Amino acid sequence: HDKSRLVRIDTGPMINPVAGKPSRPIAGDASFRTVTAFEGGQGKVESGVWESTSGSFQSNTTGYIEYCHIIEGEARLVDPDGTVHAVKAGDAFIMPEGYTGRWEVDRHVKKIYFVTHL
Amino acid sequence: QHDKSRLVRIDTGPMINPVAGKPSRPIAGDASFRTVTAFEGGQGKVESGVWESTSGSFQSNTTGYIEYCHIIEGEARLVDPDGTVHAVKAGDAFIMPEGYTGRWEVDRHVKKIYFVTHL
């Protein structure tokens, strides 16, 4: 990217998505597709689109803060103490540094992410 | 304030106790801002919340930080230094890179979620 050109996040059909799988699977066989939209701050900042199929898996954001904006489908985030957060298209949230809750995806979900490494 | 084991949800409902502001580089129309901070982290490095502007135009200057914007209501145009026009409306997400100096043109009213990371 260049300092004088706005970077738009394309929420249309994913171009050359990267395949992935959760590193902390719980249940089901969730698989991921990601497209990076932006990289800056000498490797410390990244943004793009991510998709998951059904399943459950644990987060660990030790070392970074992540903003999420659900754009399609739905999921539940369940904090370590059991507090359930139902998220659906249009919902925005932040996983603070060192967040270790889990994702439960009944069907399908897509989000925009913005990550800042500390 | 926040805790590492509690998800932080950004309230996109009515602005509660917003802080009033004005553009640093107004162009035309006396745009007036309201901001509500949702999150502060990384010992001053990261801030996120909701921001609104009334009609008008103003020039940005993001020297020292990267800003993610997600339009949640209304619409605007962002015009890059070279004249490239970006029409933005509800649901559109974009990033102003560090040192961005394009301008905003708000015909009526616009509201966005912002996430800023200082460099």
# chains A, B, ... in the order shown; residues from 1 in each chain; ligands from 1
>>> select_by_dssp(residues="range 62-107 of chain B", states="strand (DSSP E or B)", output="list in words")
residues 65, 66, 67, 68, 69, 70, 71, 72, 73, 74, 75, 76, 77, 78, 79, 85, 86, 87, 88, 89, 93, 94, 95, 96, 103, 104, 105, 106 and 107 of chain B
>>> write_last_selection(atoms="C-alpha atoms", output="CSV table (one decimal), in the first residue's frame")
chain,number,residue,atom,x,y,z
B,65,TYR,CA,-1.0,6.2,13.2
B,66,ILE,CA,-3.0,3.7,11.1
B,67,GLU,CA,-6.8,4.0,11.3
B,68,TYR,CA,-9.4,1.5,10.4
B,69,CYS,CA,-12.9,2.9,9.6
B,70,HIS,CA,-16.2,1.1,9.3
B,71,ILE,CA,-19.1,3.2,8.1
B,72,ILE,CA,-22.2,2.3,10.1
B,73,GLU,CA,-24.6,5.0,9.1
B,74,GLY,CA,-24.9,7.7,6.4
B,75,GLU,CA,-22.3,8.3,3.8
B,76,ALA,CA,-19.3,10.3,2.8
B,77,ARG,CA,-16.6,10.6,0.1
B,78,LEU,CA,-12.9,10.3,0.9
B,79,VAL,CA,-10.7,12.0,-1.8
B,85,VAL,CA,-12.7,9.6,-5.1
B,86,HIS,CA,-13.8,6.9,-2.7
B,87,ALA,CA,-17.6,6.9,-2.1
B,88,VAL,CA,-18.3,5.2,1.3
B,89,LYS,CA,-21.6,4.2,2.7
B,93,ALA,CA,-14.6,-0.7,5.6
B,94,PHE,CA,-11.3,1.0,4.8
B,95,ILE,CA,-7.9,1.9,6.2
B,96,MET,CA,-6.2,5.3,6.2
B,103,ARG,CA,-10.1,14.8,2.7
B,104,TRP,CA,-13.6,13.9,3.8
B,105,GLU,CA,-16.7,15.3,2.1
B,106,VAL,CA,-19.9,14.7,4.2
B,107,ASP,CA,-23.0,15.8,2.3
>>> closest_atom_pairs(of="range 38-114 of chain B", to="range 95-102 of chain A", cutoff="12 Å", atoms="only C-alpha atoms", output="JSON lines")
{"residue": "B:39", "atom": "CA", "partner": "A:96", "partner_atom": "CA", "distance": 9.2}
{"residue": "B:40", "atom": "CA", "partner": "A:96", "partner_atom": "CA", "distance": 9.6}
{"residue": "B:41", "atom": "CA", "partner": "A:96", "partner_atom": "CA", "distance": 7.7}
{"residue": "B:42", "atom": "CA", "partner": "A:97", "partner_atom": "CA", "distance": 8.3}
{"residue": "B:43", "atom": "CA", "partner": "A:97", "partner_atom": "CA", "distance": 11.4}
{"residue": "B:46", "atom": "CA", "partner": "A:96", "partner_atom": "CA", "distance": 10.5}
{"residue": "B:47", "atom": "CA", "partner": "A:96", "partner_atom": "CA", "distance": 11.6}
{"residue": "B:48", "atom": "CA", "partner": "A:96", "partner_atom": "CA", "distance": 11.7}
>>> write_last_selection(atoms="N, CA and C atoms", output="CSV table (one decimal), in the first residue's frame")
chain,number,residue,atom,x,y,z
B,39,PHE,N,-12.8,1.5,23.8
B,39,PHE,CA,-11.7,0.6,24.1
B,39,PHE,C,-10.4,1.4,24.0
B,40,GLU,N,-9.5,1.2,25.0
B,40,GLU,CA,-8.1,1.7,25.1
B,40,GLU,C,-7.2,0.5,25.5
B,41,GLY,N,-6.2,0.3,24.7
B,41,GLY,CA,-5.2,-0.8,25.1
B,41,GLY,C,-3.8,-0.5,24.6
B,42,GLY,N,-2.9,-1.4,24.9
B,42,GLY,CA,-1.5,-1.3,24.5
B,42,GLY,C,-0.8,-0.1,25.1
B,43,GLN,N,-1.2,0.3,26.3
B,43,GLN,CA,-0.6,1.4,27.1
B,43,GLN,C,-0.6,2.7,26.2
B,46,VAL,N,-3.4,1.7,21.3
B,46,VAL,CA,-4.7,1.4,20.6
B,46,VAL,C,-5.9,2.0,21.2
B,47,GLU,N,-6.8,2.6,20.3
B,47,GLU,CA,-8.0,3.2,20.7
B,47,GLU,C,-9.1,2.8,19.7
B,48,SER,N,-10.3,2.6,20.2
B,48,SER,CA,-11.4,2.2,19.3
B,48,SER,C,-12.7,2.8,19.9
>>> closest_residue(among="A:36, A:83, A:53, A:61", to="residue 113 in chain A", atoms="only C-alpha atoms")
A:36
>>> closest_atom_pairs(of="range 55-119 of chain B", to="range 11-31 of chain B", cutoff="7 Å", atoms="only C-alpha atoms", output="tab-separated table")
residue	atom	partner	partner_atom	distance
B:55	CA	B:31	CA	5.3
B:56	CA	B:29	CA	4.1
B:57	CA	B:28	CA	5.2
B:58	CA	B:26	CA	4.2
B:59	CA	B:25	CA	5.3
>>> write_last_selection(atoms="N, CA and C atoms", output="PDB file, in the first residue's frame")
ATOM      1  N   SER B  55     -22.563  17.602   8.260  1.00  0.00           N
ATOM      2  CA  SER B  55     -22.132  17.977   6.911  1.00  0.00           C
ATOM      3  C   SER B  55     -20.930  18.897   6.895  1.00  0.00           C
ATOM      4  N   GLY B  56     -20.130  18.766   5.841  1.00  0.00           N
ATOM      5  CA  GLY B  56     -18.963  19.607   5.673  1.00  0.00           C
ATOM      6  C   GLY B  56     -17.828  18.796   5.100  1.00  0.00           C
ATOM      7  N   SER B  57     -16.695  19.457   4.993  1.00  0.00           N
ATOM      8  CA  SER B  57     -15.486  18.875   4.476  1.00  0.00           C
ATOM      9  C   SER B  57     -14.271  19.314   5.299  1.00  0.00           C
ATOM     10  N   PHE B  58     -13.253  18.457   5.287  1.00  0.00           N
ATOM     11  CA  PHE B  58     -12.060  18.661   6.124  1.00  0.00           C
ATOM     12  C   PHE B  58     -10.955  17.729   5.659  1.00  0.00           C
ATOM     13  N   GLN B  59      -9.712  18.145   5.867  1.00  0.00           N
ATOM     14  CA  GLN B  59      -8.585  17.375   5.467  1.00  0.00           C
ATOM     15  C   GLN B  59      -8.030  16.532   6.615  1.00  0.00           C
TER      16      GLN B  59
END
>>> closest_residue(among="A:5, A:85, A:117, A:108", to="residue 51 in chain A", atoms="only C-alpha atoms")
A:108
>>> interface_residues(of="chain B", to="chain A", cutoff="8 Å", atoms="only C-alpha atoms", output="number ranges by chain")
B: 2-10, 41-42, 68, 80-82, 86, 92-102, 115, 117, 119
>>> atom_distance(atom1="CA of residue 16 in chain A", atom2="CA of residue 35 in chain A")
7.1 Å
>>> residues_around(residues="residue 109 in chain A", least_positions_apart="5", cutoff="6 Å", atoms="only C-alpha atoms", output="PyMOL selection string")
chain A and resi 51-52+72-74
>>> atom_distance(atom1="CA of residue 63 in chain B", atom2="CA of residue 118 in chain B")
9.3 Å
>>> closest_residue(among="B:50, B:90, B:62, B:116", to="residue 38 in chain B", atoms="only C-alpha atoms")
B:50
>>> atom_distance(atom1="CA of residue 32 in chain B", atom2="CA of residue 52 in chain B")
8.1 Å
>>> closest_residue(among="B:54, B:84, B:60, B:45", to="residue 111 in chain B", atoms="only C-alpha atoms")
B:54
